[PDB]
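Here we start with a single chain on its own, the form deposited without dimethylallyl S-thiolodiphosphate (DST), put down as structure tokens.
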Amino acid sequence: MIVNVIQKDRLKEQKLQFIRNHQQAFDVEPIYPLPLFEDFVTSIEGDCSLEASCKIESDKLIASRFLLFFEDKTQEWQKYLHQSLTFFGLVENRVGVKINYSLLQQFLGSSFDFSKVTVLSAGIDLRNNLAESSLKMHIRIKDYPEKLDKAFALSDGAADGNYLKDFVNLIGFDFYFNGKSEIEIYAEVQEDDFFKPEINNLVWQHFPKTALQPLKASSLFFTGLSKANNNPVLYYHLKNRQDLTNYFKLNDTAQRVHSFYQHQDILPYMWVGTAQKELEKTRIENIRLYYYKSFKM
């Protein structure tokens, strides 16, 4: 149908525009191999979302970070996994690197129940230092205790981190271009549960008061369990991206990113990632800021 082809061509350009807006704001030259990711997202014709993010370390700005979230209502998770891995393979072929897939392979095992997947994403964090570049994948699972246990066994180990095992749904994979790979498990708390007394006992009690303040403006909180034995990275799903400066004490580099995105044609919400110790400071020096746009027919 003519409406369909016109819409498809439009969504393709809008995705490229979203990526280009981010890249052109923060990197005067695009970081290699960004075009392969552009090819990947434009090959995904079903409904999706894109994430563009910045990682700030004092005055250092790392901005070639993009993810695609598969959001076609058909629930064809295995197909999307395969599409994502095909993309990873092209990256391997063009750059001339071999990715270490072992953690993902072990996680998937041989009997993975794809109907238990609720989120799948694939993307990049590209650096001029090739070895430090990575491919990324997140898989969120629901009601799948066997795979939660498997992900737990695959990461750093048991205690500590075990105190939040029952809150884990999201599993993240990093695949570095130097053949090093990582897995992380994320414990989450949803907004509707923020004020429950057992949540204070099981979760909030083990974090400083400063960690709790941004929850006033968040719909979801999560934290990585295996990495950073102490000083865990805390992630907040801000309902409105405008609220960032009210809850997080930004440095100049982060303010630059915030300022850029205030009036872009993007989704209202954002994610904010920062180490626990940063919120205890008078000024955050290390922060990750995540912005989103949806692409639907």
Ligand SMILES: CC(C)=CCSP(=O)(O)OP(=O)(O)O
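The first residue of the shown sequence is 1; numbering continues from there.
Here the subject shifts to the form deposited with dimethylallyl S-thiolodiphosphate (DST) bound, a form of this protein not shown in this document.
- Judged by heavy atoms within 4.5 Å of dimethylallyl S-thiolodiphosphate (DST) in the deposited complex, the contact stretch among the candidates 210-218, 150-158, 130-138, 193-201 is 130-138.
- Here the marked residues 125, 186 and 271 all reach dimethylallyl S-thiolodiphosphate (DST) in the deposited complex, each with a heavy atom within 4.5 angstroms.
- In the deposited complex, dimethylallyl S-thiolodiphosphate (DST) sits beyond 4.5 Å of every heavy atom of residue 277.
- Contact annotation for residue 260: none of its heavy atoms lies within 4.5 Å of dimethylallyl S-thiolodiphosphate (DST) in the deposited complex.
- Taking the partner from elsewhere, residue 65 is found to have a heavy atom lying within 4.5 Å of dimethylallyl S-thiolodiphosphate (DST) in the deposited complex.
- Put simply, residue 177 is far from dimethylallyl S-thiolodiphosphate (DST) in the deposited complex: not one heavy atom of it is within 4.5 Å.
- None of 247, 26, 235, 32 but one reaches within 4.5 angstroms of dimethylallyl S-thiolodiphosphate (DST) in the deposited complex through a heavy atom, and that residue is 235.
- Residue 222 is the sole member of 198-231 found to place a heavy atom within 4.5 Å of dimethylallyl S-thiolodiphosphate (DST) in the deposited complex.
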